[PDB]
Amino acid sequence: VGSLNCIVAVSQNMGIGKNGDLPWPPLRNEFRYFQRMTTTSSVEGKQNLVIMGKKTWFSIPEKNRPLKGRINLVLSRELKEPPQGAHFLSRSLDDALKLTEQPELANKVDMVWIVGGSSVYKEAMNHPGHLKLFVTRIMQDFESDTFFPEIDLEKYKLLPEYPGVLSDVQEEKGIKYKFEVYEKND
């Protein structure tokens, strides 16, 4: 297994969702970037693994489920089997990760990407070792009911730049947003 990464889009008030939806109107290019970043494998014949909670899986339209070209794993404690369309179910982040390290997916997975929700982000962010946070900062306030945890700048450094990530302000539906990359190693 390669790289452990987190990807999230957050509003200025740190909101990541509302009533199981996105707090903002859909942003086609922000989704394009989420798709490209998670699907792309930096090693041939390998696939990226996408880890998400139960609410995140149920938040993507059915037609877009499962995310194509990636291994989808749902993190749940109540589910007995993966939702329909899903490929793996783990009870925890640590179990999801051990599965990687099985001859099963062993030879199969390149990078591991955590795509939501808060509880999932909150624990990855505390998982020790190397980690990168891919943050899309949606530059306005939006009514939200679920937030991204606080980024500890004493541990995560904002990268001045990063290969294949635009550095300037983006704008869609007259909504301004920018791409950020933070790295930790502890």
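The numbering used is simple: start at 1 and walk along the sequence shown. Basically, rigid core = biggest C-alpha set you can superpose within 1.5 Å across the two forms.
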With everything overlaid on the rigid core, name the stretch, 98-106 or 112-120, whose CA atoms wander farther on average in 7 other deposited structures of this protein. 98-106
Comparing 122-130 with 45-53, the one whose average Cα B-factor in the PDB entry is higher: 122-130
Take the C-alpha B-factors listed in the entry for 60-68 and for 131-139, compute each mean, and give the stretch with the larger one. 60-68
Highest recorded Cα temperature factor - choice among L99, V112, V115, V74: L99
Mind checking which third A9 falls in for C-alpha B-factor across the chain? lowest
Chain thirds by Cα B factor, record data; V165 belongs to the middle
Looking at the C-alpha B-factor of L89, is it in the lowest, middle or highest third of its chain? middle
Could you look up the Cα B-factor of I175 in the entry and say which third of the chain it sits in: lowest, middle or highest? highest
